[PDB]
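K.L.:
Residue numbers (our numbering): 44 to 467. Think of the CB as a built atom: it goes at the ideal place given N, C-alpha and C, for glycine as much as any other residue. Sending over a structure as structure tokens; questions will come in a sec.
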DNA sequence: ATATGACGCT
DNA sequence: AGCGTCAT
Ligand SMILES: Nc1ncnc2c1ncn2[C@H]1C[C@H](O)[C@@H](COP(=O)(O)NP(=O)(O)OP(=O)(O)O)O1
Ligand SMILES: [Mg+2]
Ligand SMILES: [Mg+2]
């Protein structure tokens with residue numbers, strides 16, 4: 044079995060937060076520009092970067108002041124600030140706009156604020172028998188790249204040349220040629236992407252392949268404003284120089300042990316190993332997953348979920364701003380709870396459901412662990428004061444100070460999350 | 001002094 | 001459950 048039964052696509056917005064600000068502020072269009080959070084510490088932290096500005100080496104996580112050094116024409120748009128914290132509402136709403144449109148073509152799984160996976164298998168079947176064996180016209184694929192093509196014996200001319208070899212080798216006879224199915228999926232994604240641009244003004248990229256992992260890999264091969272098809276046949280060469288860390292779920296500790304333990308560098312080298320070999324190295328689940336994946340085979344299904352299982356608000360208090368007093372802790376819990384009550388009310392009305400669990404998370408000054416304590420209490424009413432007061436209770440026994448007016452050690456992070464939803 | 005949401009392990 | 005891992 045070759046892991047070619049499904050057509051899966053990943054759609055990801057190009058420099059999402061920038062496009063949202065550029066739609067709103069025409070003066071930012073087609074300029075080096077970036078979106079910044081806060082302002083006081085070193086101009087604010089950069090969180091999204093137009094492609095014009097990336098050409099100067101401006102990146103996410105860079106301070107705005109350091110970014111202006113790399114690029115002094117850089118324009119900045121500031122994230123909105125409510126009750127003393129970053130407020131991402133504009134971008135969540137833009138995301139819903141984009142998800143609604145995508146939903147009209149197939150069932151989607153929201154994977155982040157700006158991307159969704161799409162299972163196109165069923166829509167591919169439909170469009171196939173409508174064609175009645177009609178060949179696929181390169182007219183229908185004006186922004187599609189075929190990975191690994193052209194091959195054998197100017198940016199856009201190279202694209203068409205690869206696209207011509209793909210079609211000129213296609214087998215439109217067999218209505219289950221996996222390569223034909225990917226080509227038809229790619230035709231739908233062009234329609235989906237034109238509709239998103241038409242109805243929002245947002246441009247996006249997309250990957251089309253047989254599973255989530257290849258779709259996501261393909262999406263980033265030709266950003267921005269292009270889509271890439273990765274066929275099962277292109278996987279051996281693609282993977283032969285693909286660093287292991289580029290693959291989703293291997294960008295961290297597991298991927299680094301794969302490199303260290305096996306002494307390899309690229310995804311294609313995993314094929315030498317037996318599945319049993321890989322299970323003893325990395326456990327039974329990772330070994331099986333890896334054995335299949337280095338052959339381009341992956342089974343994670345596209346889950347029909349476009350809303351979330353959790354709604355959270357958090358704020359970091361780094362350095363001098365760490366929370367030292369009880370009354371400081373209570374004020375910020377109030378602020379978090381107020382924004383949280385706002386989003387929960389919106390979610391109970393628009394999507395018809397109610398949370399039953401409140402999770403409270405904190406980080407103390409000196410703990411490397413991104414969260415230090417994580418406790419849960421009942422959630423019965425969408426009332427900020429009640430939520431904020433209950434969060435304090437759950438954490439108040441963690442102020443290790445005999446002075447009760449004081450909070451020690453200082454808190455570096457407050458996090459309030461609502462979960463365990465039920466239909467309402 | 002790089003705000004969020006999913007899922008795995010035990 | 002609470003923690004860890006990984007993602008954008
Ligand atoms: N580590 C992070 N932390 C917080 N917000 C982030 C983030 N990474 C991204 N965002 C925010 C800002 C981002 O705009 C948005 C989508 O994340 P991406 O798709 O990873 N990056 P973009 O869409 O900007 O560029 P392109 O896709 O063309 O590479 O979510
Ligand atoms: Mg994006
Ligand atoms: Mg993204």
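Using only the alpha-carbon positions, how far apart do residue 444 and residue 450 sit?
P.N.:
Reading the first chain from its first residue, position 401 is the one you call residue 444. Reading the first chain from its first residue, position 407 is the one you call residue 450. Each residue's alpha carbon lies about 6 Å from the other.
K.L.:
Between which two residues does the beta strand (DSSP E) holding residue 106 run?
P.N.:
Translated into the one-based positions of the first chain, residue 106 becomes position 63. Unbroken run through residue 106: none, as it is neither H nor E.
K.L.:
Compute the Euclidean distance between the alpha carbons of residue 402 and residue 152, then round it to the nearest angstrom.
P.N.:
For the purposes of this step, residue 402 is taken as the residue at position 359 of the first chain. For the purposes of this step, residue 152 is taken as the residue at position 109 of the first chain. When rounded, the distance between both Cα atoms is 24 Å.
K.L.:
Assign residue 137 to one of three DSSP states: helix, strand, or coil.
P.N.:
For this step, residue 137 is matched to residue 94 along the first chain. Helix, per DSSP.
K.L.:
Buried or exposed: which applies to residue 336, given that a residue is buried once 16 or more other Cβ atoms fall within 10 Å of its Cβ?
P.N.:
If you number the first chain from 1, residue 336 lands on position 293. It is buried - the Cβ of residue 336 has at least 16 other Cβ atoms within 10 Å.
K.L.:
Can at least three beta-carbon pairs, one atom from the region 350-367 and one from the region 377-386, be found at a separation below 8 Å?
P.N.:
Segments in contact, yes.
K.L.:
List the residues that DSSP assigns as beta-bridge partners of residue 83.
P.N.:
Here residue 83 corresponds to residue number 40 of the first chain, with the count starting at 1. Beta-bridge pairing links residue 83 to no other residue.
K.L.:
If you measure from each CB to the nearest heavy atom of ligand 2 and keep those under 7 Å, what residues do you get, in chain order?
P.N.:
Working through the chain, the matches are 55, 56, 57, 58, 59, 157, 158.
K.L.:
Between the Cα of residue 257 and the Cα atoms of 265, 269, 274, which residue gives the shortest distance?
P.N.:
Position 214 of the first chain, counted from the first residue, corresponds to residue 257. With distances taken between Cα atoms, residue 257 lies closest to 274.
K.L.:
CB residue 118 to CB residue 101, shorter than 9 Å?
P.N.:
Your numbering for residue 118 matches position 75 in the first chain. Your numbering for residue 101 matches position 58 in the first chain. Result no, Cβ atoms of residue 118 and residue 101 do not sit closer than 9 Å.
K.L.:
Quick check for students: name the residue ranges of the alpha helix (DSSP H) that lie wholly in the region 191-241, counting only runs of 4 or more.
P.N.:
Counting whole runs of 4 or more residues, the region 191-241 contains the alpha helix (DSSP H) stretches 198-211.
K.L.:
Judging by CA-CA distance, which residue of 73, 214, 189, 210 is the nearest neighbour of residue 202?
P.N.:
Counting from one through the first chain, the residue named residue 202 turns up at place 159. Nearest C-alpha to residue 202: 189.
K.L.:
Please confirm whether any heavy atom of ligand 3 lies closer than 8 Å to the CB of residue 155.
P.N.:
Residue numbering aside, residue 155 sits at position 112 when the first chain is read from its first letter. The answer is yes for residue 155.
K.L.:
Kindly provide the ranges of any beta strand (DSSP E) runs that are 3 or more residues long and lie completely inside the region 359-421, ordered along the chain.
P.N.:
Correct list: 366-368, 396-407, 416-421.
K.L.:
What residues are listed by DSSP as bridge partners for residue 112?
P.N.:
Residue 112 sits at position 69 when you count from the first residue of the first chain. DSSP output for residue 112 lists no bridge partner at all.
K.L.:
Is residue 172 helix, strand or coil when you go by DSSP?
P.N.:
On the first chain, position 129 is the one that residue 172 refers to. Helix, per DSSP.
K.L.:
Please determine whether the Cβ atom of residue 263 lies at a distance below 8 Å from any heavy atom of ligand 1.
P.N.:
Position 220 of the first chain, counted from the start, is the residue given in the question as residue 263. Within the cutoff, so yes.
K.L.:
Using the rule of at least 16 other Cβ atoms within 10 Å of the residue's Cβ for burial, across every protein chain shown, is residue 341 buried or exposed?
P.N.:
Indexing the first chain from 1 puts residue 341 at position 298. By the neighbour-count rule (16 or more Cβ atoms within 10 Å), residue 341 is buried.
K.L.:
I'd like the ranges of any beta strand (DSSP E) spanning at least 3 consecutive residues and lying wholly in the region 271-317.
P.N.:
Within the region 271-317, no complete beta strand (DSSP E) run reaches 3 residues.
K.L.:
Strictly by DSSP, which residues pair up with residue 61?
P.N.:
Sequence index remark: in the first chain, residue 61 carries index 18 (1-based). Note: residue 61 sits in no beta bridge, so no partner.
K.L.:
Closer than 8 Å is the cut-off here; do at least three beta carbon pairs connect the region 54-72 with the region 361-372?
P.N.:
Result no; under three Cβ-Cβ pairs closer than 8 Å.
K.L.:
Does the separation of the CB atoms of residue 338 and residue 127 fall below 9 Å?
P.N.:
For the purposes of this step, residue 338 is taken as residue 295 along the first chain, with counting starting at 1. For the purposes of this step, residue 127 is taken as residue 84 along the first chain, with counting starting at 1. Not a contact, by the Cβ cut-off of 9 Å.
K.L.:
Would you say residue 101 touches ligand 1, meaning its beta carbon is less than 8 Å from a heavy atom?
P.N.:
In the first chain, the residue the question calls residue 101 occupies position 58. Residue 101: no, Cβ never under 8 Å from ligand 1.
K.L.:
For residue 343 and residue 223, I'd like the C-alpha separation in whole angstroms.
P.N.:
Translated into positions along the first chain, residue 343 becomes position 300. Translated into positions along the first chain, residue 223 becomes position 180. Their Cα atoms are separated by approximately 22 Å.
K.L.:
Between residue 113 and residue 96, what straight-line distance do the alpha-carbon atoms span, to the nearest angstrom?
P.N.:
Against the first chain, residue 113 aligns to sequence position 70. Against the first chain, residue 96 aligns to sequence position 53. In a straight line, the C-alpha of residue 113 is about 9 Å away from that of residue 96.
K.L.:
Might you give, ordered along the chain, the residues of its own chain that have their beta carbon closer than 7 Å to the beta carbon of residue 171, omitting 5 neighbours on each side?
P.N.:
Position 128 of the first chain holds residue 171. If we look at residue 171 and ignore the five residues flanking it on each side, its Cβ neighbours are 218, 227.
K.L.:
Who are residue 160's beta bridge partners in DSSP?
P.N.:
What you label residue 160 is simply residue 117 of the first chain in a count that begins at 1. Bridge partners of residue 160: 53, 152.
K.L.:
Considering just the uninterrupted stretch of the alpha helix (DSSP H) at residue 341, what are its terminal residues?
P.N.:
The sequence position of residue 341 within the first chain is 298, counting from 1. From DSSP, residue 341 is part of no alpha helix (DSSP H); its letter is neither H nor E.
K.L.:
Can you give the Cα-Cα distance for residue 317 and residue 250, rounded to whole angstroms?
P.N.:
Residue numbering aside, residue 317 sits at position 274 when the first chain is read from its first letter. Residue numbering aside, residue 250 sits at position 207 when the first chain is read from its first letter. So the two alpha carbons sit approximately 29 Å from each other.
K.L.:
Taking one C-beta from the region 415-425 and one from the region 387-406 each time, how about it: are there three or more such pairs within less than 8 Å?
P.N.:
Flag = yes, the region 415-425 and the region 387-406 touch.
K.L.:
Taking C-beta to C-beta, are residue 129 and residue 123 nearer than 9 Å?
P.N.:
Indexing the first chain from 1 puts residue 129 at position 86. Indexing the first chain from 1 puts residue 123 at position 80. A contact, by the Cβ cut-off of 9 Å.
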